[PDB]
Novice: 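Below are the structure tokens for one structure; questions will follow.
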Amino acid sequence: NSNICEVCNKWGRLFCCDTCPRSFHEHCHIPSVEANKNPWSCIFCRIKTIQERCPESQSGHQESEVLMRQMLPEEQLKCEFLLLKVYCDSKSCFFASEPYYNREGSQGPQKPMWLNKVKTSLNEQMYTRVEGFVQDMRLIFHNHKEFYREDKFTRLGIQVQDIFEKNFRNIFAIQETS
Ligand SMILES: [Zn+2]
Ligand SMILES: [Zn+2]
Ligand SMILES: [Zn+2]
């Protein structure tokens, strides 16, 4: 097994996957690493199994059909993995915790949003369709772009949004286009 957390790239108290060489801090894994379960398989392994069981699940999909899917166990899992892929980027620190807004010339968003809030919402099964989760994720970056205006810090929202969108297209096998 790796000697650093796959998500935050630090050492510490690490739980090791039984079916691959990744390791995780308890609350870096999504869902939080399960109490018992020997053997234990990480989210990466669980996602790969879904693909292996149904190879056709990788054929292209329309985003509009994906968003309307109900949050059954497989879709729940895929949103957890997509959330985890965003936390994997170090720039996710800017979007993880509850923000506050006091900048000359800007007003804060009407509906603030942050990663840890999306994490809790997933854990609490508050999303009934994929659309709920994706809307909150895209709202994080949209709020950031609007608040920071022409400050160059706006670019952090572009960058982390791009990580989200690339992983959304991969995980949900969105049809490739020009
Ligand atoms: Zn970690
Ligand atoms: Zn694994
Ligand atoms: Zn199949």
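For the single chain, residues carry numbers from 1 onward in sequence order. Quick note: numbers below take in every heavy atom, side chains included, and nothing from hydrogens, waters or symmetry partners. Counting starts at 1 for both ligands and their atoms, in listed order.
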Novice: Angle class for the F164/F168 ring planes (parallel below 30°, perpendicular above 60°, tilted otherwise)?
Specialist: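 Rings of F164 and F168: parallel, as their planes differ by under 30°.
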Novice: State plainly whether the residues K78 and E74 are in salt-bridge range, i.e. N to O under 4.0 Å.
Specialist: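 Looking at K78 and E74, the cut-off is not met.
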Novice: Hey, what's the angle at the Zn ion (ligand 2) spanning SG (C45) and SG (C17), nearest 10 degrees?
Specialist: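 That angle works out to 100° after rounding to 10°.
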Novice: Are the side chains of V86 and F95 in touch, meaning some heavy atoms are under 4.5 Å apart?
Specialist: no
Novice: Please determine whether side chain to side chain contact (heavy atoms under 4.5 Å, CB included) holds for the pair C45 and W40, giving the CA-CA distance in whole Å, both sets of side-chain angles, and the decisive distance to 0.1 Å.
Specialist: CA-CA 10 Å; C45 283; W40 179 75; over 6 Å; no
Novice: Please list, chain by chain and in numerical order, all residues satisfying salt bridge (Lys or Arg N to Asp or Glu O under 4.0 Å) with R138, sequence neighbours excluded.
Specialist: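 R138: salt bridge (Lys or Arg N to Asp or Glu O under 4.0 Å) contacts with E63, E165.
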Novice: For the backbone of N38 and the side chain of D18, can you confirm whether one donor and one acceptor N or O come within less than 3.5 Å of each other?
Specialist: no
Novice: Which of the protein's N, O or S atoms come within less than 2.8 Å of the Zn ion (ligand 1), not counting waters?
Specialist: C5 SG, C8 SG, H25 ND1, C28 SG
Novice: So, do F147 and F153 sit near enough that their side-chain heavy atoms are less than 4.5 Å apart?
Specialist: no
Novice: Relative to the Zn ion (ligand 3), which of the N, O or S atoms in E56 is the closest?
Specialist: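 Per the distance ranking, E56 contributes OE2 as its closest N/O/S atom to the Zn ion (ligand 3).
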